[PDB]
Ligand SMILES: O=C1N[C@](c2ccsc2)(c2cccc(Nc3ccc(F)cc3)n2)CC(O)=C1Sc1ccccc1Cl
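Encoded as structure tokens, the following chain is the form deposited without this ligand, with no partner shown.
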């Protein structure tokens, strides 16, 4: 008899179906930063990685496995076949196309559509009850594409949206005020990028509205120039790409924060992109980031934030530009 059998007596062997599996699609810097964050928060009893480049996929999987002694996620698997993703609670997408020189906004989205047209049906094939977390940019439009292709209900298709932008907001706010970002509250909503909206009314510390104590806040007369905080938020990623070539660590922690709320059914309020037909005068099928309650079933509730008219108009305007592209795609 073999050493294993001499040492161990087996009671029963037939086993499986992981109870808390997460898949990351795409193992670029963003995907791997999500992977390492998820692993170190103990969110999953199985992590699956899939990407098109087979060697790097196997490489990144082997590197993670070599660190199992220091982890509590007993099964890490990889492959380009999406069969490795079967029975995932959460599937995080982070894959797609980078912008070519002088390319239209449209048609870039379309190349990305053509990618999701392979990724998304394979995901649904193997985890039909999963929740989908779209991180690939342009995240608002691509979350729509994944919803259209998957046929999932609107609550189980989530985009990372302004979740990291709001994190950055609060970091920069805490730097001005000398307070930890956990105690600086403030929301960046809407379309992810140049045209996000900073909701100055809700910017507080300990419930003290900063707009009340400083009514010029977020305007032009603002001698303290508080609108620069929101400018710094939308320039953040480019500032970091300029310096290290790409962002990864911050997006990876906010995705894990979002994974936490989903996998542990916390019902925490996050600014993520969800379908907001029926709200703020939006009548098209578009996703924008509003504060959502995330949990075991994705987005089960929305917070109806009171916007000004200038805020309300800026949202309807991004809604229109997104549908303008989205109506011009084809699937």
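Residue numbers count along the first chain shown, from 1. Basically, rigid core = biggest C-alpha set you can superpose within 1.5 Å across the two forms. Shifts are known only where both forms have a C-alpha.
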Problem set entry | Stretch exceeding the other in mean C-alpha B-factor - 301-309, 32-40 | 301-309
Problem set entry | Residue stretch of maximal mean CA temperature factor, 186-194 vs 97-105 | 97-105
Problem set entry | Residue selected from 213, 164, 259, 76 by maximal Cα B factor | 213
For this session: Tell me, please, which of 131, 221, 244, 170 has the highest C-alpha B factor according to the deposited entry?
Result: 221
Problem set entry | Chain-wide C-alpha B factor ranking for residue 230, given as lowest, middle or highest third | middle
Exercise. Should residue 138 be placed in the lowest, middle or highest third of its chain by the C-alpha B factor in the entry?
Worked result: highest
Exercise. Should residue 126 be placed in the lowest, middle or highest third of its chain by the C-alpha B factor in the entry?
Worked result: middle
Exercise. Where does residue 25 sit by CA temperature factor within its chain: lowest, middle or highest third?
Worked result: middle
For this session: Tell me, lowest, middle or highest third: where does the Cα B factor of residue 248 rank within its chain?
Result: lowest
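Same protein, other form: the form deposited with this ligand bound, not shown, and the subject of what follows.
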Exercise. Does any heavy atom of residue 108 come within 4.5 Å of a heavy atom of this ligand in the entry with it bound?
Worked result: yes
For this session: Answer yes if any heavy atom of residue 137 is within 4.5 Å of a heavy atom of this ligand in the entry with it bound; otherwise answer no.
Result: yes
Exercise. So, in the entry with it bound, is residue 233 in contact with this ligand at a 4.5 angstroms heavy atom limit?
Worked result: yes
Exercise. Can you check whether residue 216 is within 4.5 Å of this ligand in the entry with it bound, heavy atom basis?
Worked result: no
Exercise. Among the candidate residues 237, 124, 253, 86, which is the single one with a non-hydrogen atom no more than 4.5 Å from this ligand in the entry with it bound?
Worked result: 237
Seminar exercise, completed: The one residue among 150, 247, 261, 155 placing a heavy atom within 4.5 Å of this ligand in the entry with it bound is 247
Seminar exercise, completed: After superposing on the rigid core, the runs of 3 or more consecutive residues whose C-alphas all shift by 2 Å or more between this form and the one not shown are 98-107
